[PDB]
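>>> in the first instance, please consider these chains from the complex; the rest will follow:
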Amino acid sequence: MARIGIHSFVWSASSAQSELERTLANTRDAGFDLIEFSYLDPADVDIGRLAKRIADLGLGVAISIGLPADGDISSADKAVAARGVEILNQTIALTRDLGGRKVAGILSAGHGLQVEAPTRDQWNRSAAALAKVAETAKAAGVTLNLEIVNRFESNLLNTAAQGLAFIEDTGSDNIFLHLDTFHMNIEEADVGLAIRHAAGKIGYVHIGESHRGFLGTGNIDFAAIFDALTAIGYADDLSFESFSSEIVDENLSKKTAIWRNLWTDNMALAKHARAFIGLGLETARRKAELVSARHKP
Amino acid sequence: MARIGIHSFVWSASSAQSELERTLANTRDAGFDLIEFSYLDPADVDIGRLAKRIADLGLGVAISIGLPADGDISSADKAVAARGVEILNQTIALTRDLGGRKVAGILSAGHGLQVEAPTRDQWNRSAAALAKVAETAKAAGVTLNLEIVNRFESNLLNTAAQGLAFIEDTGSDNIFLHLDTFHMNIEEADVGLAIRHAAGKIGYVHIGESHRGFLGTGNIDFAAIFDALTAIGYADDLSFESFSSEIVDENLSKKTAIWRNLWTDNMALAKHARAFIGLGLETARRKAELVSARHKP
């Protein structure tokens, strides 16, 4: 049921049909059930073909993006906000046609370091806009999942609590939270506590280390995270995330400030990630079983 | 508002009026507002006096004992068992007369390293007995609080979960858990998870480090403990325990195996522990409020 996926960009930024094969094959060989893509051009990509290959391998697909400056759905500039809505519509169309059920990533504002404090108007404009978009998405068989990111990557929703308040403000029953452990460790008071507080409104989870390298080679208490996810009975998808300057686009390198590369071999990276996640989850499950064991003699 | 207690044996073993006075004074000068007594001589100690001396000082009181071998209410020997009930009934009365509302400690079995594995009949025997002792305690306006201890100190209730199931077996509505962080860290799958699991059934709490010295100088995750307590909204008394063999009776000193002394200055020990617990709970409270902060612009 629950899929454990990986971000395509671990493998390749290239949207060439040949590079897409290697991405999908690597994903499968590394041990994952799901691929997350962040860019696809129908013009260059045969979406219909791509959709069938993803099914043929037994993989699931998710689509996540990050709104560009000129596509900021929360902008007072009405033309900018409209391109934001247009991108989201295109992204939903793509996700539906591709076989996926989730649209994820930074959907509420532009992705990047803003040069101005947020305002209530921004918050409300974004909320009213996502209210409507989420309808489009439902009609398409797709959920919206707002990614909560750190202060340097958006000025709006930084916290699960912020996310929850926003979602209420939307009024939608088709908007959920996309939580990322790399972002949570910067912004949340406890990562485990955030997850618990967000129970039932979590639609998608990124697993990324404090520095975005190998899982377990950083500062994040992953046992604490796997315990919380187990406590709440999270049974939806989760995806590994790590990036290299050598692989990702330089729009993204300059934006997520990847100045140094923490690994050179992505198959080793992904393979480790998959054993780390797999075993972390198993342990957490066994531990939850043990807590409640009566141990009557 | 609930009391932050200390155990007397931190101060001395002696029950002599002159020591009783020092014990209470030191307790206050350390910042604590509850005193825990384990031994109180039936013949040598004025109860109604002590009961007055306690309230005068703005101190709460609790009584904890560890059932001796020859008094194990779980023993098949109806005489040895009977000795246990009298020990209990006498401890209930001393508690009531002292102005305290909880009896605690190892109440369900002998305090010590048992020689045989636990049995189903041993279990039922203790529950059947404690069931009836509980109604006595009720009539006295006192509560029973079963300490859950490590494998070496009882063979019967080592875990919060088995402690929870035992209480279901008694059918009593006046029995609760006494959890101790030193024991919990040995037996529980996850101290915080065990606390969450027992919520609403915890009547008393013992704060003690992994090695039984200064708080924060061992291996226990006290932040996680405070977070859990905060999460389940615990509002009942708790006390610090930490033992020196130069201070405590050679009986308990052999029963809990104090071979080393981790401290010489118990005022510095107690002042440190008070600051540790106070700041700890404050910090966990601010953290739980922060988790839920809508940070709406």
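Noted; the coordinates are in hand. Numbers count the residues shown, from 1 in each chain, chains lettered A, B, ... in the order given.
>>> now do the helices in chain A.
A:17-30, A:47-56, A:78-98, A:120-139, A:160-170, A:181-187, A:191-197, A:222-231, A:250-255, A:266-292 (DSSP state H).
>>> could you export those as JSON lines, including distance to residue B:88 and mean neighbour count?
Bear in mind the C-beta positions are built from the backbone N, C-alpha and C, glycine included. Shown next, in JSON lines, are the helices of chain A (distance: least, Cβ to Cβ, whole Å; neighbours: other Cβ atoms under 10 Å in any protein chain shown):
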{"stretch": "helix A:17-30", "distance to residue B:88": "62", "mean neighbour count": "16"}
{"stretch": "helix A:47-56", "distance to residue B:88": "68", "mean neighbour count": "14"}
{"stretch": "helix A:78-98", "distance to residue B:88": "67", "mean neighbour count": "18"}
{"stretch": "helix A:120-139", "distance to residue B:88": "61", "mean neighbour count": "18"}
{"stretch": "helix A:160-170", "distance to residue B:88": "48", "mean neighbour count": "21"}
{"stretch": "helix A:181-187", "distance to residue B:88": "49", "mean neighbour count": "21"}
{"stretch": "helix A:191-197", "distance to residue B:88": "39", "mean neighbour count": "22"}
{"stretch": "helix A:222-231", "distance to residue B:88": "37", "mean neighbour count": "20"}
{"stretch": "helix A:250-255", "distance to residue B:88": "69", "mean neighbour count": "15"}
{"stretch": "helix A:266-292", "distance to residue B:88": "29", "mean neighbour count": "16"}
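>>> any chance of the ones you listed in CSV, plus distance to residue B:147?
Listed next are the helices of chain A as CSV, based on distance: least, Cβ to Cβ, whole Å:
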stretch, distance to residue B:147
helix A:17-30, 50
helix A:47-56, 57
helix A:78-98, 56
helix A:120-139, 51
helix A:160-170, 37
helix A:181-187, 37
helix A:191-197, 28
helix A:222-231, 26
helix A:250-255, 56
helix A:266-292, 19
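>>> could you point out which of those helices sits nearest residue B:97?
helix A:266-292 (38.6 Å; Cβ to Cβ).
>>> which other helices and strands contact the closest one?
When contacts are defined as 3 or more Cβ pairs under 8 Å, 6 or more residues apart in numbering or on different chains; DSSP states H and E, helix A:266-292 packs onto strand A:4-7, helix A:17-30, helix A:222-231, strand A:238-240, helix B:191-197.
>>> build in chain C:
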Amino acid sequence: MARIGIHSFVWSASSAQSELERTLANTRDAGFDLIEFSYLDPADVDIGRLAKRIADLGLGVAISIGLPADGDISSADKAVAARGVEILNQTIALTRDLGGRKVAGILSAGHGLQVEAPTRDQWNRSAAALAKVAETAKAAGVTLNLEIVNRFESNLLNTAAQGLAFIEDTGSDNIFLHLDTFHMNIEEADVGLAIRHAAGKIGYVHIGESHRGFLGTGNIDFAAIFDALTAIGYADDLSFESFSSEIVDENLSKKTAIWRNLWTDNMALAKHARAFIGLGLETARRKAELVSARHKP
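Let me put chain C in with the others:
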């Protein structure tokens, strides 16, 4: 003879003499005994008066800045680099005249998100230039401590090991490391490991929580940090750092992306930070001694 400090901007961002006065009195009431100032204009401020008021209170002083994009000493454009050196030289004379021993902060490159990936020539330029400014600093009786910051605030020195290498390249013995727990938790593989790796090259430390709010209210493992400092016998100054949109000036709020404020009462915040760092170090002192205890009978 180490000081426990606090950054002025916890109190006020203003240079008015009445506000500078308040900053100082607040520092003392909170229990700190150093003050860190970000920058003060000599024509705007009665410097000698300030220095005399600092010494009268019994406070020490450090100055930290972050080079402007306008003044980046790593820049190829010489004019920009020269503006850097001149800002550096002025900051030194400020520290010296105020009766301080440390110039800290981002001293190696522009403070902010960079649009270019780092280069070796950028590295060498900064090294070459700082090698010289260190001599100026020595003559003035002051050390240069290079702040190591997260990817979003500089593109050059993000890691304690990067700093070590960088320092190595400067050939200087008046350039040390300025480590910041908030930055370390994002970039380092292990905060404690990184501290241990940097032994005898650490000139200054910022204590700040993962979200930059109240200490212990985030994800940073501070016990591990106090243990590492203690393992290396760190005997120099460290300061508490937390900021509020309400108090800082729009330049800093925007560069460090303070979108939401985690506290409102900065006296409570400071007193708390004082107890937390105070206790934290005492506890780490207690424990590192326990480790070694022979405990022979």
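>>> what is the neighbour count of the residue of the stretch 1-150 of chain A found nearest chain C?
The nearest approach of the stretch 1-150 of chain A to chain C comes at residue A:113, 5.0 Å away (Cβ to the nearest Cβ). Number of residues near residue A:113 (other Cβ atoms under 10 Å in any protein chain shown) recorded here: 19.
>>> ok, it - contacts?
By Cβ atoms under 8 Å, 6 or more residues apart in numbering or on different chains, the contact set of residue A:113 is A:152-153, C:113, C:152, C:257.
>>> what's the spacing between it and residue A:69?
Counting by Cβ to Cβ, to the nearest Å, the gap from residue A:113 to residue A:69 is 11 Å.
>>> ok, residue A:279 next?
Relative to residue A:69, residue A:279 is positioned 41 Å away (Cβ to Cβ).
>>> quick one: name the residues of chain A near chain C.
Residues of chain A lying close to chain C (Cβ under 8 Å from any Cβ of the partner chain) are A:113-118, A:151-152, A:155-156, A:158-159, A:185-191, A:210-211, A:213, A:217-221, A:245, A:250, A:253-254, A:257-260.
>>> which among those residues end up buried?
Among the residues of chain A next to chain C, the ones that count as buried by 16 or more other Cβ atoms under 10 Å in any protein chain shown are A:113-114, A:117-118, A:151-152, A:155-156, A:158-159, A:185-191, A:210-211, A:213, A:217-221, A:253-254, A:257-260.
>>> wait, what's in contact with residue A:215?
Residue A:215 neighbours (Cβ under 8 Å, 6+ apart): A:207, A:209, A:222, A:240, A:272-273, A:276-277.
>>> skip the chain neighbours and tell me the closest residue to it.
Distances taken as Cβ to Cβ, 6 or more residues apart in numbering or on different chains put residue A:276 closest to residue A:215, at 4.3 Å, once the chain neighbours are dropped.
>>> near chain B, which residues of chain A show up?
Close to chain B, as judged by Cβ under 8 Å from any Cβ, chain A has residues A:117-120, A:122-123, A:158-159, A:161-162, A:164-165, A:188-190, A:193-194, A:196-197, A:227, A:231, A:287-288, A:290-297.
>>> how does it look with 7 Å?
A:118-120, A:123, A:159, A:161-162, A:165, A:189-190, A:193-194, A:197, A:227, A:287, A:290-297 (Cβ under 7 Å from any Cβ of the partner chain).
>>> here's chain D, add it to the model above:
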Amino acid sequence: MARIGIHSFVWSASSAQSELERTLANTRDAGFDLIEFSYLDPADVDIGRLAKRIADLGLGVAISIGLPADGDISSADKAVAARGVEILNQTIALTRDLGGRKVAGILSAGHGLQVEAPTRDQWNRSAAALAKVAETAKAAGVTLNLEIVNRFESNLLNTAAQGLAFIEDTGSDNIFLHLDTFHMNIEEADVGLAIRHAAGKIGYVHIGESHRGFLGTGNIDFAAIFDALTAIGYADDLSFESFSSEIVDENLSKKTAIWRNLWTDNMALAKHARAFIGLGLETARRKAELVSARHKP
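Chain D, in position alongside the others:
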């Protein structure tokens, strides 16, 4: 070369020949490279047949005991002490006959809950005694490895620091520390700190969880442990150890106080442990490597 090994009590509580040989097979199936026979009676054991299957299975071997009360080498009573020498001589022999390199377990004093606080005489006696036995073991090409245990399992050596001092007192170069994370978590101030303090003198390591069941299902910071071991360049044997009421003795089981059914499926247990240790160590290695990466552009 070093091996990741396993304690026989995962598999069997028996010294019957077929059981011993099952043990070997189960060890190899679980991915382990060493077997440790604990509390083995060599009477009625075909050493040659056993040593043959070890070779076929590609296994290392170690022998671990805990001295009985009437074999306590630290006793004043000379008859009791001479018997403990004879037990040790016998177990040295069996180790050599089986192709082992290590004698291990509670070799310094009686394995159990002493009713006596330790004395300098006991210390000195045991030390002088073991200094001789060490020479015996050297001649047989075998190292001695003192297991440091918790307060309820010996009264002499509970702490790595004590053990370290003890080995100073024996004058030997053939006695080493055998540390156990289960005991360390109860006794040590900090497990990593203890491991770093004992560096160079660590001969053998047990990996066991707080409650002695599944690795990671209890309270122990295993990351910290694998980190410390990595930092000191530990390059000797370590072994998984776990107890459940399913497999029990009437000797070791009684001493270790095992009352609870933490597992029934010892092959799942072992394969999880094997993956845990395996992955934990790779993760530790990658992390330490990362700490000192220069990341110069």
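>>> the contacts of residue A:113 again, this time with chain D added?
A:152, C:113, C:152, C:257 (Cβ atoms under 7 Å, 6 or more residues apart in numbering or on different chains).
>>> any idea how far it is from residue D:238?
From residue A:113 to residue D:238 the distance is 46 Å (Cβ to Cβ).
>>> next one: residue A:227
On the measure of Cβ to Cβ, residue A:227 and residue D:238 end up 26 Å apart.
>>> can you check residue A:96 too?
Relative to residue D:238, and taking Cβ to Cβ, residue A:96 is found at 52 Å.
>>> same thing with residue A:206?
Taken as Cβ to Cβ, the span from residue A:206 to residue D:238 is 34 Å.
>>> next one: residue A:138
Taking Cβ to Cβ, one finds residue A:138 at 55 Å from residue D:238.
>>> ok, now residue A:240?
29 Å.
>>> in contact with whichever residue of the stretch 51-200 of chain A sits closest to chain C, which residues are there?
Proximity of the stretch 51-200 of chain A to chain C (Cβ to the nearest Cβ) peaks at residue A:151, 3.6 Å away. Contacts for residue A:151 (Cβ under 7 Å, 6+ apart) come out as A:158, A:187, C:257, C:259.
>>> can you tell me the closest non-neighbouring residue to the second one?
Read it as residue A:187. Nearest to residue A:187 is residue A:158, by Cβ to Cβ, 6+ apart, at 4.8 Å.
>>> isn't that neighbour right up against residue A:146?
No: assessed by Cβ atoms under 7 Å, residue A:158 is found out of contact with residue A:146, at 11.4 Å.
>>> can you give the contact residues for stretch A:78-95?
By Cβ under 7 Å, 6+ apart, stretch A:78-95 touches A:40, A:47, A:63, A:65, A:67, A:70-73, A:75, A:103, A:107, A:125, A:129, A:133, A:136-137, A:140, A:142.
>>> for residue A:263, which non-adjacent residue is spatially closest?
residue A:269 (5.0 Å).
>>> contacting residues for the one you found?
With Cβ under 7 Å, 6+ apart, residue A:269 has these contacts: A:10, A:214, A:242, A:263.
>>> could you check how far it is from chain D?
Distance, residue A:269 to chain D, by Cβ to the nearest Cβ, to the nearest Å: 10 Å.
>>> cool, and residue A:179?
For residue A:179, the distance to chain D - Cβ to the nearest Cβ - is 22 Å.
>>> could you tell me how far that residue is located from residue A:206?
7 Å.
>>> what about the two, which has more around it?
A direct count of neighbours by other Cβ under 10 Å for residue A:179 and residue A:206 places residue A:179 higher, at 30 against 24.
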